[PDB]
Amino acid sequence: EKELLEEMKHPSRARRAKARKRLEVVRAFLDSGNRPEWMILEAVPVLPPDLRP
Amino acid sequence: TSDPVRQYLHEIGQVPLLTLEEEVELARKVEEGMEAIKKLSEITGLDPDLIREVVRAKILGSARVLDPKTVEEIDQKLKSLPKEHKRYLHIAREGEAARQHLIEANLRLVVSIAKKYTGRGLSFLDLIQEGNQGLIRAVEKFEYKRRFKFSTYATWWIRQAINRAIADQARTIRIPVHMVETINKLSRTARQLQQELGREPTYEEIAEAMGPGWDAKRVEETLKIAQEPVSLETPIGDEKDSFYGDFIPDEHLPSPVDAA
Amino acid sequence: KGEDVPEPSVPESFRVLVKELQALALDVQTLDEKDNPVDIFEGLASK
DNA sequence: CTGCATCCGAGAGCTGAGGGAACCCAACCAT
DNA sequence: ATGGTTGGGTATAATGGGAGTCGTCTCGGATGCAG
């Protein structure tokens with residue numbers, strides 16, 4: 001987050017837009033408290049049988 | 001990028017095959033490696049499978065994640081053994097490496113055999129992987145003293161593995177291997193009878209052609225138990241809006257009238 | 001019996017939706033005004 | 001470092017009623 | 001006590017697969033060009 005905040009001072013507009021796009025997701029993760037590694041599955045849930053009869 | 005079959009075939013092609021000298025060399029190395037494993041097992045007095053696990057960990061290296069502490073401890077617990085009785089360990093390491101080269105080089109037998117087993121309910125890649133499983137079993141059990149080529153001993157294991165995988169994974173409802181073979185015999189007999197007689201045969205004719213212990217009633221039951229479930233989303237009508245499962249009522253839960 | 005119908009409850013289709021959304025490794029949780037969990041399954045799905 | 005400018009891939013397009021491919025071999029567990 | 005089930009074996013040699021789609025429009029990133 002500090003690195004992208006520093007990047008937000010670039011004169012380039014495209015660089016600023018890309019850094020802002022990265023910061024959106026980074027700040028969403030920081031605010032929600034979710035860990036990024038949870039986007040990788042280790043155990044896959046199995047739906048109850050009555051909904052796949 | 002896509003089409004994993006092309007990726008797998010290219011990766012397989014990147015590994016060269018062996019010549020007769022290479023094949024006999026590798027097989028001999030494998031044999032002396034297993035013999036050395038057994039000798040080291042006798043020397044140390046431990047269970048063979050555990051020392052085998054230690055050797056496998058050492059060949060695979062730290063790259064392959066059994067924990068590091070145990071395997072390291074026993075590795076140095078074998079370095080304590082005096083010289084002359086140590087060559088065996090190097091021979092076992094070499095033999096394990098030789099198994100790796102032999103398997104990688106002979107993987108192509110799996111594709112060559114399996115390319116004529118498509119269309120039996122299993123995709124090509126599952127057939128190939130099961131064939132590699134049979135290939136590992138054939139490699140481990142191969143005896144080069146008979147001077148026979150590897151292909152002769154490998155083909156039988158490959159066919160057995162592929163056929164067992166077909167019997168176990170082709171159907172949603174698992175049916176034992178013997179009954180699957182019985183259904184196979186029934187189907188081939190029925191198609192042969194149809195071809196010779198020129199029309200769809202009756203159950204009695206098939207039962208008579210099977211032999212003793214077979215009547216029409218058992219044949220009906222066998223055809224009955226060979227049925228596979230249908231999809232709940234089978235499109236009904238011209239428009240893509242009506243499914244089969246939308247016409248299935250619940251007969252288990254009590255109705256509102258019954259509850260009242 | 002001649003009385004008036006009672007107050008409604010959560011429809012079963014929403015329970016199906018919650019079950020199918022959890023099966024995609026997404027945690028859908030119903031909360032009350034005080035941000036505490038509310039169990040809509042009547043303790044039939046909690047270990 | 002701007003600005004144009006195609007270039008490619010993704011995701012949508014009314015409701016309702018009605019739609020119909022081996023064989024053998026021998027051990028082993030449930031009941 | 002009984003059948004139906006479960007796992008193991010077969011030795012000339014056998015060594016990179018195979019199916020394929022075409023009369024739609026609109027929107028938002030992505031890549032490569034001149035300035």
# chains A, B, ... in the order shown; residues from 1 in each chain; ligands from 1
call {"tool": "residues_around", "arguments": {"residues": "residue E:27", "least_positions_apart": "4", "cutoff": "12 Å", "atoms": "only C-alpha atoms (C1' of nucleotides)", "output": "VMD selection string"}}
result
chain D and resid 8 to 12
call {"tool": "select_by_dssp", "arguments": {"residues": "stretch 5-44 of chain A", "states": "alpha helix (DSSP H)", "output": "list in words"}}
result
residues 5, 6, 7, 13, 14, 15, 16, 17, 18, 19, 20, 21, 22, 23, 24, 25, 26, 27, 28, 29, 30, 31 and 32 of chain A
call {"tool": "residues_around", "arguments": {"residues": "residue D:25", "least_positions_apart": "2", "cutoff": "12 Å", "atoms": "only C-alpha atoms (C1' of nucleotides)", "output": "ChimeraX atom specification"}}
result
/D:23,27 /E:7-10
call {"tool": "residues_around", "arguments": {"residues": "residue A:26", "least_positions_apart": "4", "cutoff": "10 Å", "atoms": "only C-alpha atoms (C1' of nucleotides)", "output": "ChimeraX atom specification"}}
result
/A:1,4,20-22,30-31,36
call {"tool": "write_last_selection", "arguments": {"atoms": "N, CA and C atoms", "output": "PDB file, in the first residue's frame"}}
result
ATOM      1  N   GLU A   1       0.826  -1.202   0.000  1.00  0.00           N
ATOM      2  CA  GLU A   1       0.000   0.000   0.000  1.00  0.00           C
ATOM      3  C   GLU A   1       0.861   1.253   0.000  1.00  0.00           C
ATOM      4  N   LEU A   4       2.306   1.738  -3.562  1.00  0.00           N
ATOM      5  CA  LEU A   4       1.375   2.354  -4.511  1.00  0.00           C
ATOM      6  C   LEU A   4       1.028   3.790  -4.132  1.00  0.00           C
ATOM      7  N   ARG A  20      -3.822   2.997  -9.227  1.00  0.00           N
ATOM      8  CA  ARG A  20      -5.118   3.119  -8.565  1.00  0.00           C
ATOM      9  C   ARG A  20      -5.911   1.823  -8.670  1.00  0.00           C
ATOM     10  N   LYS A  21      -5.865   1.173  -9.835  1.00  0.00           N
ATOM     11  CA  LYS A  21      -6.571  -0.095  -9.992  1.00  0.00           C
ATOM     12  C   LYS A  21      -6.018  -1.149  -9.040  1.00  0.00           C
ATOM     13  N   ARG A  22      -4.691  -1.208  -8.897  1.00  0.00           N
ATOM     14  CA  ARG A  22      -4.098  -2.133  -7.933  1.00  0.00           C
ATOM     15  C   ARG A  22      -4.484  -1.767  -6.500  1.00  0.00           C
ATOM     16  N   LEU A  30      -7.482  -5.156   2.540  1.00  0.00           N
ATOM     17  CA  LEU A  30      -7.085  -4.659   3.854  1.00  0.00           C
ATOM     18  C   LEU A  30      -8.297  -4.319   4.714  1.00  0.00           C
ATOM     19  N   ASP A  31      -9.334  -3.731   4.113  1.00  0.00           N
ATOM     20  CA  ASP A  31     -10.516  -3.348   4.876  1.00  0.00           C
ATOM     21  C   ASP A  31     -11.338  -4.565   5.278  1.00  0.00           C
ATOM     22  N   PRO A  36      -5.443 -12.988   1.119  1.00  0.00           N
ATOM     23  CA  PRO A  36      -5.360 -13.342  -0.308  1.00  0.00           C
ATOM     24  C   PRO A  36      -5.243 -14.837  -0.550  1.00  0.00           C
TER      25      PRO A  36
END
call {"tool": "atom_distance", "arguments": {"atom1": "atom CA of residue B:167", "atom2": "atom CA of residue B:130"}}
result
12.2 Å
call {"tool": "interface_residues", "arguments": {"of": "chain A", "to": "chain B", "cutoff": "12 Å", "atoms": "only C-alpha atoms", "output": "list in words"}}
result
residues 50, 51, 52 and 53 of chain A
call {"tool": "atom_distance", "arguments": {"atom1": "atom CA of residue B:252", "atom2": "atom CA of residue A:48"}}
result
17.0 Å
